[PDB]
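Here is the structure we will look at, set down as structure tokens.
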Ligand SMILES: O=C(O)c1sc(CCCc2ccccc2)nc1-c1ccccc1
């Protein structure tokens, strides 16, 4: 067929009950994730093709970058709690990988301050149990799919995107094939 289990996607042996509809995992330490977000804009092109009533979830992971990787997962939780993802995604990717000016939790915090999140608002979120819960949520979803690498994307806790089994020749073609595959999967 045109879409095949094992080709553009794979099928989890242990499907995940109740998982988010479209679930993306990334790390601000992950160079391929930088490309996905800054150059390919995968998340946004997937969204632009998703059926109505399907929501996209994006979680950070701990397994890259050691101590700072874990701080970034907490900072992504802060970004979600405040709803400022679109304000800090780029400067976090660039601070970690382009300028390499993010070396500590304080440098992470500076990015939010520079984006206009007030210092008191960031600190209260950072220390909140709402944020502790979002951290564990991100960790649980990654654990549930036994996530070893990023970037990754899952649909309905059943299908894992396989960007290698796609037509990877052209890149704009690549993005749209990735996005059409997610649409197809979300329609199964
Ligand atoms: O598995 C993956 O992550 C992907 S994604 C992709 C196509 C993206 C092209 C591109 C454009 C701009 C910047 C970076 C990359 N190819 C692969 C691949 C991986 C292992 C072996 C062969 C192919």
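Among residues of the range 127-156 that are within 13 Å of residue 81 (Cα to Cα) and touching a residue at least 40 places away in the same chain (Cβ under 8 Å), those with a Cβ under 8 angstrom from a residue that is within 16 Å of the ligand (Cβ to nearest atom) and in a loop (DSSP other than H, G, I, E, B), sequence gap 6+ or separate chain, pair up as 138/61. Of the strands (runs of 3 or more DSSP E) lying entirely inside the range 1-68, those carrying at least 3 residues that are more than 16 Å from the ligand (Cβ to nearest atom) and closer than 21 Å to residue 141 by Cβ are 56-60. Could you list, in sequence order, the residues of the range 147-162 that are within 13 Å of the ligand (Cβ to nearest atom), surrounded by 18 or more Cβ atoms within 10 Å (Cβ to Cβ) and in a strand (DSSP E or B)? Hits for the range 147-162 are 152, 153, 161. For the range 96-108, the set of residues classified as in a helix (DSSP H, G or I), closer than 20 Å to residue 119 by Cα and touching a residue at least 24 places away in the same chain (Cβ under 8 Å) consists of 105, 108, listed by residue number. Taking residue 188 as the residue in question, decide whether it is surrounded by fewer than 12 Cβ atoms within 10 Å (Cβ to Cβ), away from the ligand (no atom under 16 Å from the Cβ), free of Cβ contacts under 8 Å to residues at least 60 places away in the same chain and closer than 29 Å to residue 14 by Cβ. So residue 188 passes the test. Would it be correct to say that residue 24 is in contact (Cβ under 8 Å) with a residue 40 or more places away in the chain, under 26 Å from residue 126 (Cα atoms) and crowded, with 20+ Cβ neighbours inside 10 Å? When the stated conditions are applied, residue 24 passes them. Here the range 163-183 is the region considered, the condition is being within 8 Å of the ligand (Cβ to nearest atom) and surrounded by 16 or more Cβ atoms within 10 Å (Cβ to Cβ), and the residue that is nearest to the chain's Cα centre (by Cα) is 163.
Tallying residues that are farther than 17 Å from residue 130 by Cα and buried (at least 17 other Cβ atoms within 10 Å of the Cβ) within the range 64-80 yields 4.
Any read-out appearing in this document is the output of simple, stated calculations on the displayed coordinates, not a laboratory observation. So basically every Cβ, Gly included, is an ideal-geometry build from the backbone, and we count neighbours across all protein chains shown.
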